[PDB]
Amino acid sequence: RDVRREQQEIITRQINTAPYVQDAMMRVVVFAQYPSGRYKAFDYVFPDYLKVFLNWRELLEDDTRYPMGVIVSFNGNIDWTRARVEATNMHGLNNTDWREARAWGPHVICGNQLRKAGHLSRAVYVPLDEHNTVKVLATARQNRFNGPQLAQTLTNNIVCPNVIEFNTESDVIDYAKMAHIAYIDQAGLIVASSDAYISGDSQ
């Protein structure tokens, strides 16, 4: 008899399920934390796959200009068995001698290193030293990579990056909440998530 409630339930379910449709968007954000207490976010929206290399220059606030670390926030129907992050050297290498470097290092960040922030989101904190660059891979969960489809996947995958500066963690946090993306605050708490709740945190 409560169709108003049922409709609101389906709307909530729709929001939570819409990201699993084949042409849905995914969202990966790299939050960089600076000694000054400021943050910079590298915010990517994309439908199929995301390959990211952040060089040392882009990572500078613009070394107390260099981030103490990053929070990497993965959101959407992402293949969690392949999602990964690694901190490479200033050349983007995972071995100082390129001749023994590889696409990914033997200790790449993946698996349970990515903390669950809801069904749609995972987040990981990665400390950085002044000589680090950052690599991230995120792919849509299967298969759009197979056969004929790959061509449509390649041509339709327009990655839309934005860089956003925040004066304080409060701005970062409110941003994550209104953007519906995972974020871990300075105390280690999951303070934002992609998951829609019909009542919010009412328990």
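Residue numbers here begin at 1 and follow the sequence given.
Query raised in the report: Taking residue 142 and residue 143 as adjacent modelled residues, how many residues of the deposited sequence between them have no coordinates (none, 1 to 3, 4 to 9, 10 or more)?
Result: In the deposited sequence, 4 to 9 residues between these two have no coordinates.
Requested in this report: Report, from the record, the number of residues in the deposited sequence between residue 62 and residue 63 that have no coordinates, as none, 1 to 3, 4 to 9, or 10 or more.
Outcome: Gap size class: 10 or more residues without coordinates, per the record.
Query - Comparing 24 to 32 with 151 to 159, the one whose average Cα B-factor in the PDB entry is higher - result: Averaged over C-alpha atoms, the B-factors run higher in 151 to 159.
Query - Mean C-alpha B-factor comparison - 104 to 112 and 119 to 127, higher one - result: Between 104 to 112 and 119 to 127, it is 104 to 112 that shows the higher mean C-alpha B-factor.
Query raised in the report: What's the residue among 96, 77, 132, 73 with the greatest CA temperature factor in the PDB record?
Result: Highest CA B-factor of the listed options: 132.
Report task. Compare the C-alpha B factor of residue 164 with those of the other modelled residues in its chain, then answer lowest, middle or highest third. Result -> For residue 164, whose C-alpha B-factor we compare with every modelled residue in the chain, the answer is the highest third.
Query raised in the report: Is the Cα B-factor recorded for residue 54 in the lowest, middle or highest third of its chain?
Result: As the PDB entry reports it, the C-alpha B-factor of residue 54 lands in the middle third of its chain.
Report task. Could you look up the Cα B-factor of residue 39 in the entry and say which third of the chain it sits in: lowest, middle or highest? Result -> Ranked within chain, residue 39 CA B lands in the middle tercile.
Query raised in the report: Against its chain's modelled residues, does residue 175's Cα B factor rank lowest, middle or highest third?
Result: CA B-factor rank for residue 175: middle third.
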